[PDB]
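Participant: When you get a sec, could you give me coordinates for this:
(2 chains, ligands or ions: 2)
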Number of protein chains: 2
Amino acid sequence: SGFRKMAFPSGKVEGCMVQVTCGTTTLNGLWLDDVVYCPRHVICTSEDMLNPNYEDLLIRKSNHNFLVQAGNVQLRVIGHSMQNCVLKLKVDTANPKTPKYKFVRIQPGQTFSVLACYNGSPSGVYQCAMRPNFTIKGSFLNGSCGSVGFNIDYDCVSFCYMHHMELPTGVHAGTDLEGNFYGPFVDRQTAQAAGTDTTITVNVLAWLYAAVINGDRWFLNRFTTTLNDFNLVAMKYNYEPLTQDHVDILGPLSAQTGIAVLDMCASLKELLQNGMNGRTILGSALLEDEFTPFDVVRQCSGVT
Amino acid sequence: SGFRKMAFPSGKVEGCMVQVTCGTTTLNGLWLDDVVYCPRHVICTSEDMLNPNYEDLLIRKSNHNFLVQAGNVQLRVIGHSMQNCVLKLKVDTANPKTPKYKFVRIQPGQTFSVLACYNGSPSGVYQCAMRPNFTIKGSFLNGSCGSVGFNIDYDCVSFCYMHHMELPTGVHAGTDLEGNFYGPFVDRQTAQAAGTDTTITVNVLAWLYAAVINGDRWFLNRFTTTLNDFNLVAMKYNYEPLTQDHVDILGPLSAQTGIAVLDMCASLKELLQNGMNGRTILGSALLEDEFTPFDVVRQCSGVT
Ligand SMILES: O=C(Nc1ccccc1)Nc1cccnc1
Ligand SMILES: O=C(Nc1ccccc1)Nc1cccnc1
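Facilitator: Numbers count the residues shown, from 1 in each chain, chains lettered A, B, ... in the order given. Ligands and ions are numbered 1, 2, ... in the order given. See the structure here:
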């Protein structure tokens, strides 16, 4: 019993973190096989960051200008290329701790673990979601760039995020491991505003299921609704529209609890309209939206 | 910027988790040097758990009755002893991944990371606090016993908790690594009720400091207070008394922000009396008390 915001165990990713230095900029790299992946802004002077021409900045850089340190041992860089907004540094040594891995591009509402690193050294692990506006609300200081987001499927690490940017509003932006930004963001020190940070409705519903499974049941009501009726109320409260695809994904939690998805929708509708009235659900005074249906099943079932 | 409930990177502890089986009970063990530590209730049939005599149950057990598996390799048990509520199984192989480590007994209000394990396999990592009633609010299913709580100081793992028990209220109880329960709990399937789960005031104040450092400032008010005045209001709201020792510990956050500890107390006093009025602080609608002053400094400064 009990329900926690839970990260994946980080060891497999800890074994991949290195330090990358270009001139006076130090940040983190991910060492998989004989490639080190890092943000291309490692080549920029904070002056460069105002209007960087990365192709032109890169002409001035050689393999020996990229200093890669794994623990307190230097890796030899034998090649470098830019792919979108990441650099790939080819090194002469395959990472001996390379786990089975994939690069995946996640969808908004998907959750992942972040291993926050400084100077190639892990500081902490926390759980994030890709927001509907393609930001994440992370915890990142200067030096944390190149920190990665990941999911684990038994022994396969799916890498989904590399940290690049803090927006003036202190929310976060980054890329997949092919160097493509999530959302409309660019690696330039310019005014970039996030769109509406809507609530991930399907995740709230999953977490209300988690709450019922763990004995927090006070919010269960006598009503049902329809997707169309729910969605009118959702839109008014800056919740993402619920689709039949989301209803299908909640089926296993519906089954386990015997609460129809549309009944839980009608419970959520009353919580939006009525508020919490100073009550809590799973120790929260707001509706949590950074657990996916898969996360709830995993944690409620004890997958390793 | 940003402030997250952050666990320590778990790799060093992942390398210590094993499976312990006694008859038909499987749970987790911690393998440090040539000793495997696990809950002594591994020897109980769920029937035994109603009124176990552990000394008498142990007479019936030999070294070869304790099956220890590290990955999919069996460890040879060459000795076993009971220390308080843990078993120490001596194995013929020192754990090659043993990190530098200490056993520490923490105080209520201290935070730690939990690596939730099943069958000796890590499932997730989350951050906990020792509650003032000596429970923790974890996420533990059957099979999670022997999962451990820890802090890391650079490369030294301080082990502070081993999971033993879920109370009928679905809160959690366990021991330090010398097998001594936190609080008045016993490893017996009997009615055990927790005391008042009071709020860890010094941790709330630390987190209000984190909030100011990260730009959440709306709750800062025009008032100050005294420890005695604050404490009258604290007691009324089931907050722990604040001591001059807590004020001293908050000094570095006072200094960084230039907000006197007693001014932040007076802000906290108005939040207790007035509520949040539907506002949030660092994405929370309630006052978070599972960050220590040390945690706030670590995360706000980027310690690895
Ligand atoms: O954003 C950063 N550098 C940068 C990137 C692109 C444009 C301009 C600047 N660093 C940073 C600091 C704190 C948290 N996360 C990231
Ligand atoms: O408490 C458990 N066994 C036990 C221990 C002492 C007395 C009676 C029973 N298992 C458990 C289950 C779920 C979460 N945490 C622990």
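Participant: quick one, strands of chain A?
Facilitator: With strands called from DSSP state E, chain A shows them at A:17-22, A:25-32, A:35-39, A:66-70, A:73-75, A:77-83, A:86-91, A:100-103, A:111-118, A:121-129, A:148-153, A:156-166, A:172-175.
Participant: Name the residue of the stretch 1-150 of chain A that lies nearest to chain B.
Facilitator: For the stretch 1-150 of chain A and chain B, the shortest gap (Cβ to the nearest Cβ) falls at residue A:11, measuring 3.1 Å. To be clear about C-beta, it is placed using only N, CA and C from the backbone, and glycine gets the same treatment.
Participant: need the contact list for that residue.
Facilitator: By Cβ atoms under 8 Å, 6 or more residues apart in numbering or on different chains, the contact list for residue A:11 reads B:9, B:10, B:11, B:12, B:14, B:15, B:122.
Participant: how about a cut-off of 6 Å?
Facilitator: By Cβ atoms under 6 Å, 6 or more residues apart in numbering or on different chains, the residues touching residue A:11 are B:11, B:14.
Participant: Ok, residue A:77 next?
Facilitator: Residue A:77 is in contact with A:63, A:66, A:68, A:89, A:91, counting by Cβ under 6 Å, 6+ apart.
Participant: From those, list the buried ones, please.
Facilitator: With burial judged by 16 or more other Cβ atoms under 10 Å in any protein chain shown, the buried subset of these is A:66, A:68, A:89, A:91.
Participant: tell me the domain boundaries of chain A?
Facilitator: For chain A, the structural domains run A:1-14+A:100-197, A:15-99, A:198-301, going by curated CATH domains.
Participant: Wait, residue A:197 touches residue A:130, no?
Facilitator: No: when contacts are counted by Cβ atoms under 6 Å, residue A:197 is not listed as touching residue A:130 (11.4 Å).
Participant: Have a look at these two and say which one is more surrounded.
Facilitator: Counted by other Cβ atoms under 10 Å in any protein chain shown, residue A:197 and residue A:130 do not tie: residue A:130 has more neighbours, with 23 against 14.
Participant: Relative to ligand 2, how far out is that one?
Facilitator: For residue A:130, the distance to ligand 2 equals 31 Å [Cβ to the nearest ligand atom, to the nearest Å].
Participant: Equivalent analysis for residue A:273, please.
Facilitator: Applying Cβ to the nearest ligand atom to residue A:273 and ligand 2 gives a distance of 35 Å.
Participant: who touches that residue in this structure?
Facilitator: Contacts for residue A:273 (Cβ under 6 Å, 6+ apart) come out as none.
Participant: Contact residues of the stretch 51-200 of chain A facing chain B?
Facilitator: Contact residues (Cβ under 6 Å from any Cβ of the partner chain) of the stretch 51-200 of chain A with chain B: A:118, A:121-126, A:137-139, A:141, A:166, A:170.
Participant: Please pick the buried ones from these.
Facilitator: Buried members of those, scored by 16+ other Cβ under 10 Å, are A:118, A:121, A:122, A:123, A:124, A:125, A:126, A:137, A:138, A:139, A:141, A:166.
Participant: List the beta-bridge partners for the second one.
Facilitator: This means residue A:121. Legend: beta-bridge partners of residue A:121 under DSSP bridges are residue A:118.
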